[PDB]
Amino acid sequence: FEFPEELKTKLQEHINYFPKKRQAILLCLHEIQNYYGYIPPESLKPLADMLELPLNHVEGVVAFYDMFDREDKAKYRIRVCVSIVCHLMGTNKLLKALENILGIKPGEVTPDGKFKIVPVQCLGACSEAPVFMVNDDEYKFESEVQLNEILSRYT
C-alpha cells in the first residue's frame, strides 16, 4: 500500500502543522477517511511510518475514535443523533423517513455504496432536534419531503 501523491501531500501538511508529528494522527485519519470513504486497514502501516509511531499505537487509535470506520466504504455518512433530546423530538420519524427514501436502517450501507446511516450520540445542536449530518453538513429534520430534497443535493 502506497498513498496517492494528492493524499500524501495533504497528510504531510497535517504532519508539519503541529510542533510534534504524532499530534497530527487524528487529522491524518480524518483525511484518509475523506479520501477512501473509510479507513483501509492497509493504510495504517504507511501512516504509522509517516507519524514515526508503532503500528499497534495507530491501530489502538483507530479502534478508540468512533468517527473512524475500517469496515464499510461510503461516499456519504448520514450521522443521525440517537441521544436524549433528538429521541424526545423525533429521531424515529427521521429514521423512518430515511428508510422510506433509501431503504436502509442504522448501521447499513446502500447497495451502490453511496450512503451509510451512522447512529451517533449528541451532535450539540439539540435546539434543532432531530439532528443529522450528511458528511460535514448539518441539518434539522423537518419532514420526509424536506429530507428528500436535502439528499438529492448529494450525487
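Residue positions are given as counts along the sequence shown, with the first one as 1.
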Mean C-alpha B-factor higher for 132-140, or for 8-16? 8-16
Look over 39-47 and 121-129 in the entry and identify the one with the greater average Cα temperature factor. 39-47
Looking only at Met67, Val58, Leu95, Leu29, the Cα with the top B-factor belongs to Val58
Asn148: CA B-factor among chain residues, third -> lowest
Just say lowest, middle or highest third for the CA B-factor of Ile101 relative to the other modelled residues in its chain. middle
Ranked C-alpha temperature factor of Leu88 among modelled chain residues, by third: middle
